[PDB]
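Here is the structure we will look at.
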Amino acid sequence: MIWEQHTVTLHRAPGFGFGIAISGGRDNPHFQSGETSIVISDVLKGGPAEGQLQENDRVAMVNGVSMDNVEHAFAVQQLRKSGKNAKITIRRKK
């Protein structure tokens, strides 16, 4: 089995944010298995991330900051604090 890794720079659209929601984290595992990966849980239809990220995608980094085994509030924190641009590294189970 194989994962696929690439980076995207999401361009903020005021009123819409970066157009993604995330679940997962040290304290809020998305997975039955107990895996703590921060997970792309939704992409706003036609939003800043449409056609670039997908649901159940896994987040490794946000703005050069590793999302390895972090608390959920910490990942959100990194998105919120971005500028006009949020660089996001992902891993896809495809």
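A note on labels: chains of the structure tokens are A, B, ... as shown, every chain counts residues from 1, and ligands are counted from 1 in their shown order.
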Compile a residue-level contact table for region 34-53 of chain A against region 83-88 of chain A at a cut-off of 12 Å, reporting for every qualifying residue the shortest atom pair and its distance in Å to one decimal, with only C-alpha atoms counted, rows ordered by chain and ascending number, as CSV.
residue,atom,partner,partner_atom,distance
A:38,CA,A:88,CA,11.6
A:39,CA,A:88,CA,11.7
A:40,CA,A:88,CA,10.7
A:48,CA,A:85,CA,10.4
A:49,CA,A:88,CA,10.5
A:52,CA,A:88,CA,10.7
A:53,CA,A:88,CA,9.6
DSSP on the backbone: which residues in chain A end up as strand (DSSP E)? Give the answer as JSON, numbers by chain. {"A": [4, 5, 6, 7, 8, 9, 10, 11, 20, 21, 22, 23, 38, 39, 40, 41, 42, 43, 57, 58, 59, 60, 61, 62, 65, 66, 85, 86, 87, 88, 89, 90, 91, 92]}
Selection file, N, CA, C and O atoms, as a tab-separated table (two decimals), in the first residue's frame:
chain	number	residue	atom	x	y	z
A	4	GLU	N	0.54	9.31	-0.81
A	4	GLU	CA	1.01	10.33	-1.73
A	4	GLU	C	1.07	11.68	-1.04
A	4	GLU	O	0.09	12.12	-0.44
A	5	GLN	N	2.21	12.34	-1.15
A	5	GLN	CA	2.46	13.56	-0.40
A	5	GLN	C	2.68	14.76	-1.31
A	5	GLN	O	3.51	14.71	-2.23
A	6	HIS	N	1.92	15.83	-1.06
A	6	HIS	CA	2.16	17.12	-1.72
A	6	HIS	C	1.73	18.30	-0.86
A	6	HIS	O	0.93	18.15	0.07
A	7	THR	N	2.29	19.46	-1.17
A	7	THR	CA	2.00	20.72	-0.48
A	7	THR	C	1.06	21.59	-1.30
A	7	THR	O	1.12	21.59	-2.54
A	8	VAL	N	0.20	22.33	-0.61
A	8	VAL	CA	-0.64	23.34	-1.24
A	8	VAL	C	-0.62	24.63	-0.43
A	8	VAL	O	-0.57	24.60	0.79
A	9	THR	N	-0.63	25.75	-1.13
A	9	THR	CA	-0.71	27.05	-0.52
A	9	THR	C	-2.13	27.56	-0.73
A	9	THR	O	-2.50	27.99	-1.82
A	10	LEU	N	-2.94	27.47	0.33
A	10	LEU	CA	-4.33	27.94	0.29
A	10	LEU	C	-4.39	29.45	0.39
A	10	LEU	O	-3.76	30.05	1.26
A	11	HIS	N	-5.15	30.06	-0.51
A	11	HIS	CA	-5.29	31.50	-0.51
A	11	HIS	C	-6.59	31.88	0.19
A	11	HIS	O	-7.68	31.53	-0.28
A	20	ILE	N	-11.70	25.07	4.63
A	20	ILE	CA	-11.54	23.71	5.14
A	20	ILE	C	-11.91	23.64	6.61
A	20	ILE	O	-11.77	24.63	7.34
A	21	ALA	N	-12.37	22.46	7.03
A	21	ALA	CA	-12.45	22.09	8.44
A	21	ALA	C	-11.52	20.89	8.71
A	21	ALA	O	-11.21	20.12	7.79
A	22	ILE	N	-11.07	20.75	9.96
A	22	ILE	CA	-10.19	19.66	10.35
A	22	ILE	C	-10.69	18.99	11.61
A	22	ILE	O	-11.18	19.66	12.52
A	23	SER	N	-10.58	17.66	11.64
A	23	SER	CA	-10.77	16.91	12.88
A	23	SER	C	-9.45	16.23	13.23
A	23	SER	O	-8.42	16.53	12.62
A	38	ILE	N	-4.13	14.75	12.27
A	38	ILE	CA	-5.04	15.83	11.90
A	38	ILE	C	-5.54	15.51	10.50
A	38	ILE	O	-4.76	15.15	9.62
A	39	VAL	N	-6.85	15.63	10.31
A	39	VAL	CA	-7.54	15.13	9.12
A	39	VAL	C	-8.36	16.25	8.48
A	39	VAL	O	-9.03	17.01	9.18
A	40	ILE	N	-8.28	16.35	7.16
A	40	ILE	CA	-9.18	17.23	6.43
A	40	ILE	C	-10.58	16.60	6.47
A	40	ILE	O	-10.82	15.57	5.85
A	41	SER	N	-11.49	17.22	7.21
A	41	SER	CA	-12.83	16.67	7.40
A	41	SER	C	-13.89	17.21	6.45
A	41	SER	O	-14.93	16.58	6.29
A	42	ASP	N	-13.62	18.37	5.86
A	42	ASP	CA	-14.53	19.00	4.91
A	42	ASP	C	-13.82	20.02	4.06
A	42	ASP	O	-12.93	20.72	4.53
A	43	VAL	N	-14.23	20.10	2.80
A	43	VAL	CA	-13.78	21.16	1.91
A	43	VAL	C	-15.00	21.92	1.42
A	43	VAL	O	-15.90	21.34	0.81
A	57	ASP	N	-8.23	13.37	4.07
A	57	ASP	CA	-6.81	13.66	3.82
A	57	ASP	C	-6.16	13.89	5.16
A	57	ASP	O	-6.83	14.32	6.10
A	58	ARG	N	-4.86	13.63	5.25
A	58	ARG	CA	-4.12	13.75	6.51
A	58	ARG	C	-3.10	14.89	6.46
A	58	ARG	O	-2.31	14.98	5.52
A	59	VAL	N	-3.11	15.73	7.48
A	59	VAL	CA	-2.25	16.91	7.53
A	59	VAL	C	-0.95	16.64	8.29
A	59	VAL	O	-0.99	16.30	9.48
A	60	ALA	N	0.18	16.80	7.61
A	60	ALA	CA	1.49	16.60	8.23
A	60	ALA	C	2.11	17.90	8.75
A	60	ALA	O	2.79	17.93	9.78
A	61	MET	N	1.86	18.99	8.03
A	61	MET	CA	2.45	20.29	8.31
A	61	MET	C	1.46	21.40	7.97
A	61	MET	O	0.67	21.27	7.04
A	62	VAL	N	1.51	22.49	8.73
A	62	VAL	CA	0.78	23.71	8.39
A	62	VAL	C	1.73	24.88	8.63
A	62	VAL	O	2.14	25.12	9.77
A	65	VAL	N	4.93	24.08	10.17
A	65	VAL	CA	4.81	23.54	11.51
A	65	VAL	C	4.18	22.17	11.48
A	65	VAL	O	3.07	22.00	10.98
A	66	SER	N	4.91	21.18	12.00
A	66	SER	CA	4.53	19.77	12.02
A	66	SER	C	3.26	19.56	12.85
A	66	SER	O	3.17	20.03	13.99
A	85	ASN	N	-2.11	33.61	3.21
A	85	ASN	CA	-1.69	32.32	2.68
A	85	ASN	C	-1.38	31.29	3.74
A	85	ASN	O	-0.59	31.57	4.65
A	86	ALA	N	-1.95	30.09	3.60
A	86	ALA	CA	-1.65	28.95	4.48
A	86	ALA	C	-1.09	27.73	3.73
A	86	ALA	O	-1.84	27.04	3.04
A	87	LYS	N	0.21	27.47	3.89
A	87	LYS	CA	0.89	26.35	3.23
A	87	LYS	C	0.62	25.05	3.97
A	87	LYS	O	1.00	24.90	5.13
A	88	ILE	N	-0.02	24.10	3.29
A	88	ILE	CA	-0.49	22.88	3.93
A	88	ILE	C	0.06	21.62	3.25
A	88	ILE	O	-0.14	21.44	2.05
A	89	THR	N	0.75	20.78	4.01
A	89	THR	CA	1.30	19.52	3.48
A	89	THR	C	0.38	18.37	3.85
A	89	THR	O	0.01	18.23	5.02
A	90	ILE	N	0.04	17.54	2.88
A	90	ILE	CA	-0.91	16.45	3.12
A	90	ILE	C	-0.42	15.07	2.71
A	90	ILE	O	0.57	14.95	1.99
A	91	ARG	N	-1.11	14.04	3.18
A	91	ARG	CA	-0.83	12.67	2.80
A	91	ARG	C	-2.11	11.94	2.45
A	91	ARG	O	-3.02	11.86	3.28
A	92	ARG	N	-2.18	11.40	1.24
A	92	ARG	CA	-3.40	10.78	0.71
A	92	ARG	C	-3.31	9.25	0.53
A	92	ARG	O	-2.47	8.75	-0.23
What is the distance between CA of residue 27 (chain A) and CA of residue 68 (chain A), in Å to one decimal?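 Between CA of residue 27 (chain A) and CA of residue 68 (chain A) the gap works out to 12.3 Å.
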List every residue of chain A that DSSP, applied to the backbone of this structure, places in alpha helix (DSSP H), and write the result as a ChimeraX atom specification. /A:72-80
Mind dumping the selected residues with N, CA and C atoms as a PDB file, in the first residue's frame?
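Dumped to again_16.pdb:
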ATOM      1  N   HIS A  72      -6.008  18.986  18.962  1.00  0.00           N
ATOM      2  CA  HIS A  72      -6.835  19.535  17.885  1.00  0.00           C
ATOM      3  C   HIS A  72      -6.832  21.064  17.849  1.00  0.00           C
ATOM      4  N   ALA A  73      -6.813  21.682  19.037  1.00  0.00           N
ATOM      5  CA  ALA A  73      -6.851  23.131  19.201  1.00  0.00           C
ATOM      6  C   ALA A  73      -5.583  23.775  18.670  1.00  0.00           C
ATOM      7  N   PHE A  74      -4.507  22.995  18.596  1.00  0.00           N
ATOM      8  CA  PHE A  74      -3.213  23.471  18.116  1.00  0.00           C
ATOM      9  C   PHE A  74      -3.138  23.618  16.604  1.00  0.00           C
ATOM     10  N   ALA A  75      -3.740  22.671  15.890  1.00  0.00           N
ATOM     11  CA  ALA A  75      -3.845  22.696  14.435  1.00  0.00           C
ATOM     12  C   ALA A  75      -4.718  23.862  13.965  1.00  0.00           C
ATOM     13  N   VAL A  76      -5.917  23.951  14.540  1.00  0.00           N
ATOM     14  CA  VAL A  76      -6.830  25.049  14.258  1.00  0.00           C
ATOM     15  C   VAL A  76      -6.074  26.358  14.432  1.00  0.00           C
ATOM     16  N   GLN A  77      -5.421  26.486  15.589  1.00  0.00           N
ATOM     17  CA  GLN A  77      -4.587  27.629  15.954  1.00  0.00           C
ATOM     18  C   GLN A  77      -3.647  28.054  14.823  1.00  0.00           C
ATOM     19  N   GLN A  78      -3.103  27.076  14.104  1.00  0.00           N
ATOM     20  CA  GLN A  78      -2.119  27.362  13.070  1.00  0.00           C
ATOM     21  C   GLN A  78      -2.785  27.914  11.828  1.00  0.00           C
ATOM     22  N   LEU A  79      -3.974  27.410  11.520  1.00  0.00           N
ATOM     23  CA  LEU A  79      -4.751  27.955  10.421  1.00  0.00           C
ATOM     24  C   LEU A  79      -5.167  29.385  10.723  1.00  0.00           C
ATOM     25  N   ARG A  80      -5.831  29.582  11.869  1.00  0.00           N
ATOM     26  CA  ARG A  80      -6.306  30.898  12.296  1.00  0.00           C
ATOM     27  C   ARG A  80      -5.228  31.964  12.178  1.00  0.00           C
TER      28      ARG A  80
END
Find the residues around residue 16 (chain A) up to 10 Å (only C-alpha atoms counted), leave out those fewer than 2 positions away in its own chain, and share them as a PyMOL selection string. chain A and resi 12-14+18-20+44+47-48
Store the residues picked out above in a file with N, CA and C atoms, as a PDB file, in the first residue's frame.
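The result, stored in result_32.pdb:
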ATOM      1  N   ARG A  12      -6.458  32.555   1.323  1.00  0.00           N
ATOM      2  CA  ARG A  12      -7.582  32.984   2.150  1.00  0.00           C
ATOM      3  C   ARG A  12      -8.549  33.815   1.348  1.00  0.00           C
ATOM      4  N   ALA A  13      -9.836  33.593   1.569  1.00  0.00           N
ATOM      5  CA  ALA A  13     -10.873  34.403   0.958  1.00  0.00           C
ATOM      6  C   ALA A  13     -11.713  34.926   2.100  1.00  0.00           C
ATOM      7  N   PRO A  14     -11.564  36.207   2.458  1.00  0.00           N
ATOM      8  CA  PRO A  14     -12.230  36.752   3.648  1.00  0.00           C
ATOM      9  C   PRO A  14     -13.733  36.477   3.622  1.00  0.00           C
ATOM     10  N   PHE A  18     -10.038  29.561   4.804  1.00  0.00           N
ATOM     11  CA  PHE A  18      -9.316  28.793   3.799  1.00  0.00           C
ATOM     12  C   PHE A  18     -10.186  27.691   3.202  1.00  0.00           C
ATOM     13  N   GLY A  19     -11.434  27.638   3.661  1.00  0.00           N
ATOM     14  CA  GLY A  19     -12.446  26.779   3.081  1.00  0.00           C
ATOM     15  C   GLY A  19     -12.335  25.325   3.478  1.00  0.00           C
ATOM     16  N   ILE A  20     -11.700  25.066   4.625  1.00  0.00           N
ATOM     17  CA  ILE A  20     -11.544  23.707   5.144  1.00  0.00           C
ATOM     18  C   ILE A  20     -11.906  23.641   6.612  1.00  0.00           C
ATOM     19  N   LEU A  44     -15.034  23.223   1.683  1.00  0.00           N
ATOM     20  CA  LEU A  44     -16.173  24.034   1.293  1.00  0.00           C
ATOM     21  C   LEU A  44     -16.316  24.021  -0.217  1.00  0.00           C
ATOM     22  N   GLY A  47     -14.898  26.600  -2.432  1.00  0.00           N
ATOM     23  CA  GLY A  47     -14.069  27.419  -1.569  1.00  0.00           C
ATOM     24  C   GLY A  47     -12.607  27.482  -1.984  1.00  0.00           C
ATOM     25  N   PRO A  48     -11.809  28.172  -1.166  1.00  0.00           N
ATOM     26  CA  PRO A  48     -10.359  28.324  -1.375  1.00  0.00           C
ATOM     27  C   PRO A  48      -9.561  27.041  -1.558  1.00  0.00           C
TER      28      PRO A  48
END
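Coordinates place CA of residue 30 (chain A) at a distance of 12.2 Å from CA of residue 69 (chain A).
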For a test of reading the model, state the distance in Å between CA of residue 50 (chain A) and CA of residue 82 (chain A), rounded to one decimal.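 Calculated distance between CA of residue 50 (chain A) and CA of residue 82 (chain A) is 18.6 Å.
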